[PDB]
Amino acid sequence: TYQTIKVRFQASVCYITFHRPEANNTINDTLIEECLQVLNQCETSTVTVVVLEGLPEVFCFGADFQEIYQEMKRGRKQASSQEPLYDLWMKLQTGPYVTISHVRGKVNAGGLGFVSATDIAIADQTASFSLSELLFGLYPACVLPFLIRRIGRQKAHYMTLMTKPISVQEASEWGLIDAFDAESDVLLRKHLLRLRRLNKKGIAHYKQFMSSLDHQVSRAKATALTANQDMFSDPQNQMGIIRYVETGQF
C-alpha cells in the first residue's frame, strides 16, 4: 500500500505520486524501495508510461537534512550509500517504458535527480530549479551525471557554482525540461495521447539502444557514490551542516 507514494494505474499508464508532506517531499530510504517495487510491476505488465508527480508546490527538494543530522545525533559513523537512489534514477532512463516528470513548484537537488532522469520532463510556470549544496561545501554528486546528460557540463557547472534557482524558462532553453505550460495537465495529456501509439516492445528496444550508445551515467556511478561518501564523512562539512540546522550559514 506504500508509506510514501500513491500509485494509480490507468490503461497503459502508471502514476506514482509522492505523498510525503511533513518532510517537504524529501527523500527517505523507504521511498526508494517502494519506487523500485512499482517499477518492477511496470517492467513486464502492459504499462508503457510511468508518470511521477504530487507536487502542488514541491516535486522534491532533495536529501532530507534533519535526517542527515538526526542520524548524527543517534549513532551515525560514516554515511549511507545512495546506490539504491542512483539505480532508481538509472531505471527511469532504462526501463521498458517512457518515464515522465510532471513538475510544479520549487525543486532542489534530489527532485532534480528525478526530473533529469525521466525520459520526459514537463512543468508549469511555477517550476524553479536550484542547487545550493555548494554553500555548505557539498555538491549534488548523484544528481550531476543525469543533469549533465540533459543540459551539458557548462550549464550544470554554472548552476552549481552560482547556487541561485533558475526559471522554468532557462530550464526550457537549457534542455532541463522538455515543454512546460500554465496548463500542465492538459500538456501532460497531449503527451500521453501521443505516447500511446507506441508499443512497449519498440520503446524498450529503442531505450536499450540509446543506453548502449551512451554509458555516461553508469560510467560515473562509482565516482559519484565515492564522492557522496567522502563529502559526507568529511569533518567541517559536517559541522557546517550541523552548525546550520541550529544557527548560521557562513
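The first residue of the sequence shown is number 1, and the count goes up from there.
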Taking the deposited Cα B-factors and averaging over 14-22 and over 223-231, the higher mean is found in 14-22
Using the B-factors recorded in the PDB entry, average over the C-alpha atoms of 59-67 and of 187-195, then report which stretch comes out higher.
59-67
Among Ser212, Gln41, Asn28, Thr46 - the residue whose C-alpha B-factor is largest in the record:
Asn28
Based on the PDB entry, the highest CA temperature factor among the options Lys164, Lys155, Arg150, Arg74 is that of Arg74
Cα B factor band for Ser116 (lowest, middle or highest third within the chain):
lowest
Third assignment of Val50 from its chain's C-alpha B-factors
lowest
What third of its chain's C-alpha B-factors does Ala79 belong to: lowest, middle or highest?
highest
Among the chain's modelled residues, which third holds the C-alpha B-factor of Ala182?
middle
